[PDB]
Each structure stands twice: as C-alpha cells, then as structure tokens.
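K.L.:
As you go down the protein sequences, you meet chains D and b in turn. All residue numbers in the first sequence are consecutive under the authors' numbering, ending with 46. All residue numbers in the second sequence are consecutive under the authors' numbering, ending with 271. The beta carbon of each residue, even a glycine, is placed where N, CA and C say it ideally should be.
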Amino acid sequence: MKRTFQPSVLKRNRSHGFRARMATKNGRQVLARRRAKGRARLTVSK
Amino acid sequence: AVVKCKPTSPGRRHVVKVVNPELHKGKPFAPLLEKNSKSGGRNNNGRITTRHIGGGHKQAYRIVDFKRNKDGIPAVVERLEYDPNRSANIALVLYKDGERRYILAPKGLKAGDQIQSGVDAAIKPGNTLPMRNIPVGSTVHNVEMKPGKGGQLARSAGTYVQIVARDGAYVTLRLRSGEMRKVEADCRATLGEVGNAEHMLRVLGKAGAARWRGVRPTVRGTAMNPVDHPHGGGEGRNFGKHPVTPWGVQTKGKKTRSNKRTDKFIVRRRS
RNA sequence: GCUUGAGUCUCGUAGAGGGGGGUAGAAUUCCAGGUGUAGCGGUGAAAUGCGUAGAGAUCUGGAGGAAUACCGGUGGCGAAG
RNA sequence: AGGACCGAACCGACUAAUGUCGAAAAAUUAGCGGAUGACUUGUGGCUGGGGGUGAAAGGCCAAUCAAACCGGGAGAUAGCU
RNA sequence: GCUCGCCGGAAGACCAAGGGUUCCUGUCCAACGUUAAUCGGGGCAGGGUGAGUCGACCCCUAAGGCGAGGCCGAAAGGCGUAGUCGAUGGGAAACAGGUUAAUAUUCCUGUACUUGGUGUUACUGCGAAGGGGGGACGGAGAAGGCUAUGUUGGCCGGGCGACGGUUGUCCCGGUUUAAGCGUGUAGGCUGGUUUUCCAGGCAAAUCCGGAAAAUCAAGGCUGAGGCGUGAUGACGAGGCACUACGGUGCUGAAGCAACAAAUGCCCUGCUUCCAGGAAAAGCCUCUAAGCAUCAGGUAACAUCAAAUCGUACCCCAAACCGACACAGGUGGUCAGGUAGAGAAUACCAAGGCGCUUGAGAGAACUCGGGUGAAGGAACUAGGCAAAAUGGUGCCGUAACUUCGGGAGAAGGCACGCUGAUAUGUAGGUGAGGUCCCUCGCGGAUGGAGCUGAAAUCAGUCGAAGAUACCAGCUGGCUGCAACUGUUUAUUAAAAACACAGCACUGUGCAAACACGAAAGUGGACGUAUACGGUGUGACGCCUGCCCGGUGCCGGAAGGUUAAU
RNA sequence: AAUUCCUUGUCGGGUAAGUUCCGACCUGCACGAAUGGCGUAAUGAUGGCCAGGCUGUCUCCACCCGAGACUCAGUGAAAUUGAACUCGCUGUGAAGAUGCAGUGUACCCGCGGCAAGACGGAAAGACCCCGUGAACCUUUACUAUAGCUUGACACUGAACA
RNA sequence: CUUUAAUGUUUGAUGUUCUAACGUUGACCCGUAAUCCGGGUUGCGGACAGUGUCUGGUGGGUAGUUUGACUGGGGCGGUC
RNA sequence: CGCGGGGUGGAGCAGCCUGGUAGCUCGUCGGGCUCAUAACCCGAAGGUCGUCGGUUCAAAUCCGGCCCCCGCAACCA
C-alpha cells in the first residue's frame, strides 16, 4: 500500500508555517501557550 | 439537420445531432473575448450551494450585449455561430462604422443580409427598436424590463414574447408560460422568433453528454440514507411520506412566489 | 408519305382543383367590472350538476380556437378519395 | 465516428491458495475487468464536526466515524464491577 | 581475477519531490546490520557542491488567498474594489572534448549566443497605468518529407587460430562529430501594393476595422532536415613506454555509400467532428497630457556588468512515506540487437547485481509444480481448483433482431527447411548518364546497387512444424438489470446506485432554491426549447377504478378567533 | 415467480434416479400497471441448470523435483503462566475430577510427531435480560425553536370619491 | 323604546391621485485607469416593499427527553 | 394457550347501545294483467330471537357456561 504521508515543504509550510499561524487571531492564541511551554518548534520551520 | 447515427454501439445508437453548415466552421472572434471561470457551484464560503454542476468542457465568455443602442446605424450580418453559453445560435453583425457585435440571431436571418437599429427602422426580422413603434399582435423577442437594462426575457432557443395591447403607458404582454405581465412601453426589443428552434428535438443519449456538459447526476433521495435526506431507509423500497424537498419544503405543488413588489405588474397568472 | 387517331402553338372561358401566406363577421366559452335576483339548466318525468361565497339573464371590454349562415342548385371541378 | 472489439504500461480488486504472533497494522502468486474514456494521474487551492462530501455505503474526513481529534468543564455520574 | 547464473521498457542510466553529508578517503570493531565481519549507508578525523547561457529568485497572470477606504455583523469577524501575491502556465540567451578519490550544459581549451548601462559618430522627432496585433491554445484520425538509431557492405588494423576444416562468399573490432552562422528545400498559410474618406476603438491616431477606386499578379511570413562552415580541430582501435603493480605520459590508420525506419521533429500543422476548446506581460506599433539648442529612438563600434540561492549522493529505493536495511506504494525523460504486429514475451548488448545466515539430511507432514494407467464429475454447497481451448490467411457461420449486430459463433484446411518460376518476384527506394531551364536544396528521363512480403510446383526431415515463452473453452434454456460505468479502501462489485429518456410541479429575474445572524454570492454574467425538487429508469405495447383519510392548491360568505 | 404459507402442489420434458431447473394448468396465505406491469437484441469477473470438450477433483492416490520441517554452528523472540512430586476408570460433589474416596496401572528423563482434555490462549460475550445508562433515526409521542406566513404598531405622508 | 331622516362632530374599512420618506442587482457623470461603494441628475415604482416589537397558525428542517413494573428469561397476554 | 365482534323467518340485514310496542327488500302460497311464463301490483302466513339457568315490573335486551365463524400466532439467538 501507501502510508498517508507524502511530504511537501511547500504544502506544509503554507498551512503550518510561521506566517500561517500569525495570519489569524487563533494562530497567535495557540502560539501563546507554545511560548509558555517554550517548545523550540514554535512553528515547524528551518 | 436532425439525424440519428446507425447503431455501431449502444450510446452512439441514441444520439440526436443538430448540424447546420450555415454555422461558422472556425473559431470565435478573438478580439471580443473575455475569460470565464467555471465556479463549480461554490459560494464565497466554498460550499456547493447548488447540485448538478461539475466538470463541463471549457466554456469561455463570448461577449453578447443586449442594449442595442447603435441608433441610426445600418448593419450587416457577417456570419453565424453557435455558443454553448446560450442554447440558440449567435449572429456576428458587422456595422457600417467599423464595429462588430455578437447578438441573437432570429429565424429567417441569413448571413450577408442587412439588419439595423435606431428609430428609423422597419418591421424586419432582426431590427431592434422601442416597443412604442411595434404594432399590435407582434411576435417579439429579447425584450427588456426597464429601458436601457439591455435584455431580460426570450433569450433561449425557439422563444418569443407575445405582445397583446398597448393601453396608456403599459403594454399588455403574454409570457411563454402564460403569465400576462406588464412593462413600460419604452423597452427596446427585436422583432422575430429566436432561431435554432430545432434544439429542442436534440436528445443526449449518453451519460457523457451530461457530464462533459457540466451536469452531475441526480441521486434519488429514497435511495439515500434517512440521516442525510428527508427520505431514505426502509428495507422494502417504500415512500410512505409526503413528497418534499431535501429541505422540508413540499414539492409537486407549492406556490413559492413571494416578492410582493412585482404583484402590481403581475396581472394574469399561469392557470 | 397522307389523314378522319393523337399531340402542340396563337386568342379567349368557367371553376369548392391543389399548396403557401394574411384577413373579416356572427356565434359559443372563459376572465374582469356595472345592474339585478331566487331560481337556472333538463326531460316523457325526475335527478346529478350550477346557485344566497350571489348563477342564469343583460350591457361593455378583452383574450382565443374551430368551422364558414343566407348565395347553394340530381350546380361546378377532378383520375379517385 | 464509436461511453467500439483484443490486449500491455496505467487504475482497480471478481475467484482460489499462501499468510493470520505473516514479508506486510489486507499483501504476494497464477488466472482476470476497463484501457480514446462518466478515463487515469502529478503539482497547486477551496469546501470542516451536527458541519463538509457523497454515480448514496449511513461509506469518507491522516491505520480512528450512526457523528474525528487536542485542551478544558471533569477527580462528570454510576442503585453497577 | 577466471568461470556460472539473473534482470535487461530493468533489479539500468539521469532529474523533480522529499530527505539532509547517507557521496569520497584514511582508520577502527564493543555498540548499528537478525550470522561471522580487517566489510559497509556504523564510530572518529579530513576533504568535496566553482554558473551571464541550468532551475529558482525575478517579470507577468490563472484557481484562489490577503485586501487601504467601503458594505455588514454583540466583540472576535465575514465578503469584496483598487491593488498586492501566487505555477503545474508563458517570457532572453551553450554545446562538444578532456580532467578528479568525490563535482562539472558551472572548471580548463576551442567555438558561439543574449538582455541592459555609460560613452562616440552619423541621422531621425519621441513619449503612458490608454488602443490595436501578437502571445493564444480542443479531441481523434490519416498522409508526405526526415532524424535519433540500427543493419549490410566498402575501407583500415589484427588474426588465419590449443579436436576435423579455415588466405577465403573467413572472423572480430572501429567506422564518432553539437550550439551557432550561411543557404533557407520539402511543406503549410495568405491576394499584395497605392490613393481617399469615416457617427468606430472612454479622447486622439499614420496602428487596426469598414466602404469605394487603382495597378499587377505575386510579394511576404513561416519552416524539421540535408548541404557547406564550425573542424589541415577534437576524438578515435591498436601500438609505443614506466609500475607506487591502482594508472599515467606519448602517438595515431579509416572516419563514407546504401537501405530500413520511430510514439521524436515540420505539427503552437491539415482534414473532420463535436462536448465549440485561459489570462497578463515580454515584443512590435499608434498617440494623449506634453517636451523639441534638449530629452529619447534606430544603426554601427569600444568597453563593462550579468548579482543571490540550490549544485555532493539517493531520486520505481537499506537514503521518500511505511516504527525496521520491510516481497508494497512514488511522477517525467531516454530506451539497442534477433524473433515477433507490438513498449507483450524469451534470450543477449550497455550497465548493475546473486538478494547480509550457511553447511548436511532428503522422514511424516506443508507449500510452489511436473507426470500419470482404465474411467471421465461418480467429488462437492457448486465443474471451485487444475487441465485444456489458445496464432495468421482463407473457407464457412444458426435462433433472433432495434436489421448495428449475433460472431473470431460453431466447426475446419494449410503451416518447418531447400531449390526453382527469378544467380531473391510483385512492390519500395534510387546514384550516374541525357535533355531543358524563369540556374537552384530544380523538373522530366533513366536505370546500377540495396532491401524485401507472398503465391505455386517439386523434394526432403521428424511421432509432433503457432512445435518454445506468448496465447479465448464452447453450445443451449432462463431470472434480473438495459448496456460503459460507480460503491461498502480493511470479509458483500450485485438484482443495489448511477444512466439517457419520460412525467408532474415549482420559477417571470432583486427568480425559485441554498450557504451565510448580515452584506454578498452560487444559480448565471443563464433567463421558460432555461433552471430547481421529486419519482421511475433504453427501446417496444400500454399505464385502469377511488378525492373517502392525509397532504397541497383555489374560493373565501359565515362560525370560532391573538395582539391592538 | 427474487412473490405461493400449506408443499417435494400438478402435468409434461430432461435423468436409471430430479426438494433445484424449463414450459404450462390457476386453488394469487399475501403480483400489479412510475414505490411502473409484461417482453427484450446487444451486454454481463452476475444467479440457477444441462450437455459436449478436457483434465487427479473423485473411485484411491503413486512417484519425483525444489522452499521448510530433522541435524549442526552462530543470533535469539512469542502469546501465556497461582503453585506442582502434572496416570486411567467408577462414584461422589458449586451438579462432566490430573489432585477426594475405592481401585487398577505405571522405571527416571528427552527427541520427532499427531491433536481428545487441562470446560486450553486471545476479545471484562457483539446474543438474552437488567440499568428509572448512552446514542442517533422516526412520527398524527410531550414541550420549544429555525424558517415561512398573517395582522396591529413604528419608519409612515398629503388630498378627494 | 323602536323604526328612520337632515346636520354638526368623532373614528374605521376600501377606490383613486400625487411627491418629498423609502426602495432602485434602470441609464449616465465625477471621485477614479476601479463590474464594490458614496454622492450628484434623471427615469421608474410607491407610503407599497423591507426590517424591528407583539402575536396566531404551520412546523422532525433543528434540539432536549419520555417511552412502567411484577413476570418460574423476554415478548404477546393478564393484572396492579 | 389469548383477545375483539357476531350468532335474529327460505336468504341478507334491523331492533340491543339507553329495557315494556318485533321492521325492510327479495322469496313462498294465491289472485289479476298477456294465449303462457317472467316482470309488475296487492293480501296473508312464516321469528322456540342457538340452548339452559339466574335475577330485577317481563328476557330479543343484563349476566354466566357450551358450540360455531373471521383476523392475528406457530415468536428472539
């Protein structure tokens, strides 16, 4: 068969990128707890 | 020309074609074209608001104005063509002043002849002028609602609006569906019935002649689940309810007329 | 070859011969409005139906369809219908 | 010309065996269906939880669907074990 | 290293995607590899990715996202204009050879090409978010001309050969060359040019569109390949010379004819049919507000710039996704020889590997199969599994039918090799010679060479000649569904769903319906031969009775009747 | 009959043999003319039956060739498991005994096998019931509501019949 | 008190006309090259339509739940 | 195994419900109309109200036994 993960940095980063989160009100809200937890991968990027 | 191909295979057996060499065997006039995005029945919120729409071959937007305000200007019908946007053939008219215009083509109109617009016109199959010059009992088409609006009714194949009386400022009209409705006598229309009238005798024959058109199958509600439609369920293929729409509205008899501001104009109903 | 067979041309006659496109008139129905009212219609008789939500009758206007009163005659035309 | 015929790459999964702690959290093998079409497919977008989508099975929505998932109400309640 | 076996439309050779040094070298074995391991994609140390011509960034748009004001909504926020972004789209320009442990259309040598800036000279009027043309396009089908490439032969080089022949119609190896420029064929398209006028292109216009005159018959556009040039250059088999025994330096013959022939090219063609087949910019050009001793544009010439990023390796897999070094899935390009219609299949070339447990044993049993006496479904839920029919040309071919089909129906014959007709035919291609000429990539004519079906006759070989891989079981009755198709991915592929047709009914456009608290949208930039809801499901003959109950619509006089 | 309960209905055909099949008789428990009826060429990885062909499916399997099973060396799991000195039968018993009693039998311990039991292993039975549990679906179950629709009032005025 | 009649006066239901509210996905202009929009002329309808408050009806399109127990197992039945 | 309704001249139905008086059509017998039958018109008769018991002013009526008919049942793994 085929596993459900055919990666694409363009497709990924366009929906889960830094600007993708800062695009909406909600993204900035979610990043709040992430900055509170201080997880290095705030937004999966370089 | 109507015809049915010999049965070399079921499907090509039930096709009814309407071909006519009068039509331009080439391409449309490029300098009068604007693109057209096929929407796929989606709204600004991307939800498919209306079913039975999907696919369809790449139909581009041919520009067809309907106002016909080239007054005092005689014209020449250059060539005849077909457009999937409408269901009746289009007439490519060549003006005297070096202008062109894609407009509706009547029945007795043959390319190469002469048509026109203006208030110096005659009762000819293709002349566009206000109705206040048009005689009682005329067979008109491409009529408007408000003068200058351009065009509202009788734009499909083999259609016509029957004008009865012209009392006062309002003109007594007879709609195709039998709805005698009023209008301001000063609307610009064109004399003659809409051509390509043999379009009605054309029957697909195949499912392809529906899908590449853009039509997407009408699944019967009773065949659906009870959870996703007012019908569905029952291990015996039974209806047992009152025939309604997928949204509770009673079908097969239910007057859905409600605007209240055109009732004055609506005189005699469709009985 | 001829001509009393038959056919053709020159000039006129009669006509519901056929096909296509417009139009007129009375009448019948329906829709709307004014007047008015308990019957209307029907049959050998009665009834179903229609009617007090106000018909029929009557006047006016309008929208339509089909057939062409009298002329009409064992008259006319056509191969027949 | 053909939702035309046969049959490969391609898409699919009717039949049987192997397998079932396997090679694999549904595959391999030998036969098959369609294969110029309502076709297949890459890249790239929009439609979303009582809503989306549906050639309509109550199937599909990241191996999870008669209502996905993360956190929080919530240490929910349990005449039950 | 010498043999064997394997794929060879791949288990090969290059890229995108996605990974992230897994590439190369030295060294090492505890731990990673299901075994050992001085081996490796493992540990440690070092090195490697070189661009004006590749891709991207860039320029300009599509689906669609964001979206100043604006409309709207408790707030959050939603839609949308101008604009601004976004390829799988389009838009300028490079190929060959050699070199490295690893990279090179990027380095070096040789040979070409593109867009801009400043400057110089000589001329000339230029100039927009505006207009026009171009860009710019569908599916299938058939044909002509070629190329990649391959084959035979000629020529050159070497050998003439460990068991019989082999100086001869013998054998093997090589026989390779681009970008660009010039020429500008085959082929395809279109009547050019000149004058005048104009309610047209938001304005204008010499550009385009239109209507009348005029002259003459071509001009122009576009265009694979061939031929010259590129190139007395490069490369090139084999020798000539030293071994760190891995390789390097040097030298260098022939280098073409002919035939066959792509899914590649002309073709972003042509014919035809229908379901009628993007956009903007670059480019060319006309001008507005205007500026003309200017500024700019055209042409020739010199010179300078062409930035940044990726560039290793894997890339149908031990390096991507699957927890694994996992019998699976992952797009595009190239793709030889013989047989064969064929990219099927079988065996080989190039190239890469034998799969990261082996060695003995050969019992029951299990699995992948071979063969099988007499019989031929007696097995069983059931002809399921196996077996078998299986190719080409031709002959012949029923019930039925919508007169297309049924059908390759069923059921049969000939098939190898050699010679001959004929030192390999019909056919195809085609040089030289000849003639002519509006002289070139020319037209007729002419026929060598090369390549190559098939038919007939005769002879012969074996049990068998489609001898292998490959490759339909058929006939009949009958239910249902029309048929192609779709679906429960992970037990149901069917009679279910879909289906074209048909019927009713709703809808007169700010249309019904639908998402959305609203705006706004889809419907449709369509409008009754149109669109929405529902039912049934090709075609053929037809589709009766009932308005009681329920639902819907019409009529509203009267009874009952909320708020006020 | 994809429909017919009774039932294997009845008659004829196919077979030596026919609960199925094919064609008909109508006694249609309970077909029915758009929740379409009846036929139907072509078509079908469709349901059923029969025949010919061909064969190991079968009467009844036999042999042989490979990948394992067996041996050796290296590597090294697994579900599961209260504890073990872990035999059969008869009977009894929380009711089918490896463990109690009676009695028979049996050296201790491995290997290759085969599968009757240890009510063997996996899944806190998916069946029935229960819980004043849950979950959606349904309608002429109860109560609200979206939407549609009516009227009064507001935005909303000025003149005559 | 009933039947009626002229008038003053106080409200209501309809018919018709008008233009200023309002509507305007009619034409046109400017902001502005801009199919949004605002305003400006005009044309076309018309105190309608539409929205708000109140209210009657309809109403499974939507939502929250009920839907008994005993019962020689349940259900049907019967009974309380 | 259960539940509901019915049982009335030769036939089909009334009346029952809510208690005193038993009706309609056809049929049977007969007369008439026509030459005859039929149809038609008129008169009369024809009902232990399935059977027995109880009880209240009577029993077709209210109730309790037995027999008979129609529909549903022969159910969940």
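Going straight from the alpha carbon of b/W212 to that of b/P84, what length do you get?
P.N.:
For the purposes of this step, residue 212 of chain b is taken as residue 212 along the second sequence, with counting starting at 1. For the purposes of this step, residue 84 of chain b is taken as residue 84 along the second sequence, with counting starting at 1. For b/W212 and b/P84, the distance between alpha carbons rounds to 12 Å.
K.L.:
Among the residues of its own chain, which have a CB less than 6 Å from the CB of b/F265, if the five just before and after it don't count?
P.N.:
Here residue 265 of chain b is taken as the residue at index 265 of the second sequence, counted from 1. Cβ within range, chain order: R181, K182.
K.L.:
Nearest to b/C187 by alpha carbon, out of b/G221, b/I90, b/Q152?
P.N.:
Mapped onto the second sequence, residue 187 of chain b falls at position 187. For the residues b/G221, b/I90, b/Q152, the minimum Cα distance to b/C187 belongs to b/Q152.
K.L.:
By Cβ distance, which residues of its chain are closer than 8 Å to b/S271, with the 5 residues on each side in sequence left out?
P.N.:
What you label residue 271 of chain b is simply residue 271 of the second sequence in a count that begins at 1. So the list reads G178, once near-sequence residues are dropped.
K.L.:
Since b/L129 contacts b/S117 with CB under 8 Å, what's their CB separation in whole angstroms?
P.N.:
Walking along the second sequence from the start, residue 129 of chain b turns up at place 129. Walking along the second sequence from the start, residue 117 of chain b turns up at place 117. Right, their Cβ atoms sit about 7 Å apart.
K.L.:
In its own chain, which residues sit with a C-beta less than 7 Å from the C-beta of b/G205, not counting the 5 before and 5 after it?
P.N.:
Position 205 of the second sequence, counted from the first residue, corresponds to residue 205 of chain b. Counting only Cβ-Cβ distances below 7 Å, and skipping sequence neighbours, we find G11, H14, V15, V16.
K.L.:
Just the C-alpha distance for b/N20 and b/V194, rounded to the nearest angstrom, thanks.
P.N.:
The residue you call residue 20 of chain b lines up with position 20 of the second sequence. The residue you call residue 194 of chain b lines up with position 194 of the second sequence. Cα-Cα distance, rounded: 16 Å.
K.L.:
Are b/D65 and b/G150 closer than 8 Å when you measure CB to CB?
P.N.:
By 1-based counting over the second sequence, the position of residue 65 of chain b is 65. By 1-based counting over the second sequence, the position of residue 150 of chain b is 150. It is a contact, given that the beta carbons lie within the stated cut-off.
K.L.:
I need the straight-line Cα distance from b/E144 to D/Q29, nearest angstrom please.
P.N.:
In the second sequence, residue 144 of chain b corresponds to position 144, counting from 1. In the first sequence, residue 29 of chain D corresponds to position 29, counting from 1. Cα to Cα, the separation comes out at about 55 Å.
K.L.:
In three-state DSSP terms, what is D/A36?
P.N.:
As a working note, residue 36 of chain D is residue 36 in the first sequence. If DSSP states are grouped into helix, strand and coil, D/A36 belongs with the helices.
K.L.:
Using the three-state DSSP reduction, which class does b/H199 fall into: helix, strand or coil?
P.N.:
Within the second sequence, the letter at position 199 stands for residue 199 of chain b. Helix, per DSSP.
K.L.:
Rounded C-beta distance between b/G126 and b/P106? I'm assuming under 8 Å.
P.N.:
What you label residue 126 of chain b is simply residue 126 of the second sequence in a count that begins at 1. What you label residue 106 of chain b is simply residue 106 of the second sequence in a count that begins at 1. The pair is a contact, with the Cβ atoms about 5 Å apart (cut-off 8 Å).
K.L.:
Can you grab the Cα-Cα spacing for the pair b/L94 / b/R68, in whole Å?
P.N.:
Indexing the second sequence from 1 puts residue 94 of chain b at position 94. Indexing the second sequence from 1 puts residue 68 of chain b at position 68. Answer to the nearest angstrom: the Cα atoms are 13 Å apart.
K.L.:
Starting from the Cα of b/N36, find the closest Cα among b/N45, b/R47, b/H57, b/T50 and give me that residue.
P.N.:
Mapped onto the second sequence, residue 36 of chain b falls at position 36. For b/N36, the nearest C-alpha among the options comes from b/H57.
K.L.:
Return the residue from the list b/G148, b/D113, b/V2, b/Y82 that minimises the CA-CA distance to b/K27.
P.N.:
As a first step, residue 27 of chain b must be located in the second sequence, where it is residue number 27. Ranking b/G148, b/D113, b/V2, b/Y82 by Cα distance to b/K27 puts b/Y82 first.
K.L.:
Can you tell me which of the three DSSP states b/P31 falls into?
P.N.:
Start at 1 with the first residue of the second sequence, and residue 31 of chain b comes out as number 31. Note: b/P31 maps to helix in three-state DSSP.
K.L.:
Looking at the secondary structure, which residues open and close the beta strand (DSSP E) in which b/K17 lies?
P.N.:
The residue you call residue 17 of chain b lines up with position 17 of the second sequence. Segment 16 to 18, the beta strand (DSSP E) holding b/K17.
K.L.:
Could you check what DSSP says for b/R12 in three-state terms: helix, strand or coil?
P.N.:
Translated into positions along the second sequence, residue 12 of chain b becomes position 12. Of the three classes helix, strand and coil, the one that applies to b/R12 here is coil, per DSSP.
K.L.:
Let me make sure I understand the geometry here. Which of b/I53, b/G233, b/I115 has the alpha-carbon closest to that of b/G72?
P.N.:
The sequence position of residue 72 of chain b within the second sequence is 72, counting from 1. The shortest C-alpha separation from b/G72 is found at b/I115.
K.L.:
Taking Cβ positions, are b/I123 and b/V140 nearer each other than 8 Å?
P.N.:
Translated into the one-based positions of the second sequence, residue 123 of chain b becomes position 123. Translated into the one-based positions of the second sequence, residue 140 of chain b becomes position 140. For b/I123 and b/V140, no; Cβs fall outside 8 Å.
K.L.:
Who are b/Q162's beta bridge partners in DSSP?
P.N.:
Numbered from its first residue, the second sequence carries residue 162 of chain b at position 162. Bridge partners of b/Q162: b/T139, b/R174.
K.L.:
Helix, strand or coil, according to DSSP, for D/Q29 in the structure here?
P.N.:
Translated into the one-based positions of the first sequence, residue 29 of chain D becomes position 29. Correct three-state label for D/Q29: helix.
K.L.:
Is the beta carbon of b/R155 less than 8 Å from the beta carbon of b/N142?
P.N.:
Along the second sequence, one-based indexing puts residue 155 of chain b at 155. Along the second sequence, one-based indexing puts residue 142 of chain b at 142. Closer than 8 Å, so yes.
K.L.:
Within the continuous alpha helix (DSSP H) that includes D/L10, where are the two ends?
P.N.:
The residue you call residue 10 of chain D lines up with position 10 of the first sequence. Taken as a continuous stretch (DSSP letters only), the alpha helix (DSSP H) holding D/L10 covers 9 to 16.
K.L.:
How close, in whole Å, do the beta carbons of b/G214 and b/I53 come, if the pair is a contact with beta carbons under 8 Å?
P.N.:
For the purposes of this step, residue 214 of chain b is identified with residue 214 of the second sequence, where counting begins at 1. For the purposes of this step, residue 53 of chain b is identified with residue 53 of the second sequence, where counting begins at 1. Going by Cβ atoms, the distance from b/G214 to b/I53 rounds to 6 Å, so yes, they are a contact pair.
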